[PDB]
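Take a look at this single chain in structure tokens; it is the form deposited in one PDB entry.
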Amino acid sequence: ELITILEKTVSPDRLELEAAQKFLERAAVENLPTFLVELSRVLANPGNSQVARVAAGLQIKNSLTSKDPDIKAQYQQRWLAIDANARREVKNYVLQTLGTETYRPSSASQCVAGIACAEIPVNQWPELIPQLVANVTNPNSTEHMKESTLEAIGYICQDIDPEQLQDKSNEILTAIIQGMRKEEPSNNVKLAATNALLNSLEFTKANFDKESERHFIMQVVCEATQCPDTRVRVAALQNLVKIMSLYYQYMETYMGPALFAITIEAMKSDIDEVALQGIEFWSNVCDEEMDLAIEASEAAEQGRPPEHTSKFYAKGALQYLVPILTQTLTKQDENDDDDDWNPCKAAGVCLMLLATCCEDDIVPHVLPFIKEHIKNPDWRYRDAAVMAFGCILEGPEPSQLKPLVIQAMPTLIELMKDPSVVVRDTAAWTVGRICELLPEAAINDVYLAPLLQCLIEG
């Protein structure tokens, strides 16, 4: 009768939760195999409520997994010592309950992943991978079956050690790609498959090394990025960002013909969840290229760099990135918090990263926008111009930045008194950064301290 105490686990009362936890601990300590068998029997039966099945699945998962690696290893070793017949029964119950859950987050998939992490390195559950592949590839499988199996496969790939499943990585990737393909009618299946691919990217290094398999993966991801569903697009863009982060050196053949247009369209899109990822792609590209530049600077002493394959994609895309970021900076509202993570802040951060990366080359592509919109009657464009001018201050040589006392200062001083609060605050931020820049750009400190004090109070 574990159903009652498992149902009690959702109640907010302290006494009920404490009693439920005590009963669970007592049952687990008294007889672990029988307790697991009863939990799996509760999980398998579809007549129970959602809460009971979810709680039983979570308890089973917690019986095998822990954040501390030592505790997780201890749990897996304890699991391997259970009676073979009881293990067979519980594994059969957990495997059969796949596809009978009407809720999107399947609790049985976590149990499957835990048992897989426990047994696959010892090769104790050989039927698991063929059964999952058959479930995914069977045309007669229901939507819930496909979603549960894909989530289980993704969890298994993300959790287990990469070396233990290299033989069946090909079949796993084939199943995931067949889930992600356009022909699939269910959007939920697409989302689950894309999330599984995202979780399994680190596991497929050997597959990515093969040219044909890497090309197929890139093609299917680029196909998925154009899916009508917004969540699928967001997941695919996250996949692209992860691929760029992990396999930068392999993106030469794909950048430009396919990735450039997709990223530009994502940046120009009006959906925030898409524009954020579009900007984040180039932000991560700039960060990786900055790391490679640091590596090259270090290896200048060592003669040859180990993996400096920096193609300067950011520099080539600068003239297209800058106008889009400046246009994005305009989209703002008065009642919006300045710390709200809208595309405006992402665009500003991307502009700062581009300034720090391309250095002296940023100014020609940004300065005309500042000159045009520094006095635009619309407060939004004026805010965008002052924000961009403040962003571009870091990274270019101060001797090149000398055209700031000529025209910038007398206008930003006025902007510090602008009726709009937003432009006032952003001009204050800009002049604060100018306060840090000016000790470098000043020929002498004869006016450093007085002007600094005047600008602090400005």
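In this text, residue numbers run from 1 along the sequence as written.
FYI, the form deposited with a partner chain bound isn't displayed, but the following is about it.
**Student:** Does the 4.5 Å heavy atom contact test between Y320 and the partner chain in the deposited complex come out positive?
**Tutor:** The answer is no: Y320 has no heavy atom within 4.5 Å of the partner chain.
**Student:** Does the partner chain get within 4.5 angstroms of any non-hydrogen atom of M218 in the deposited complex?
**Tutor:** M218 belongs to the contact set for the partner chain.
**Student:** Is there a heavy atom of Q166 lying 4.5 Å or less from a heavy atom of the partner chain in the deposited complex?
**Tutor:** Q166 lies outside the contact set for the partner chain.
**Student:** Just checking whether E213 would be counted as a contact of the partner chain in the deposited complex - the rule being heavy atoms within 4.5 angstroms.
**Tutor:** Within the cut-off, so yes.
**Student:** Among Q178, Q327, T309, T142, which has any heavy atom within 4.5 Å of the partner chain in the deposited complex?
**Tutor:** Checked against the cut-off, the match is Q178.
**Student:** Out of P257, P228, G303, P377, which one falls within 4.5 Å of the partner chain in the deposited complex, going by heavy atoms?
**Tutor:** Spelling it out, the residue with a heavy atom inside the cut-off is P257.
**Student:** Within 4.5 angstroms, counting heavy atoms, which one of the listed stretches 123-131, 248-256, 377-385, 362-370 is next to the partner chain in the deposited complex?
**Tutor:** Result for this chain: 248-256.
**Student:** Please determine whether each residue of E1, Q77 and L95 possesses a non-hydrogen atom within 4.5 angstroms of the partner chain in the deposited complex.
**Tutor:** Checked in the deposited complex: no contact with the partner chain for any of the three.
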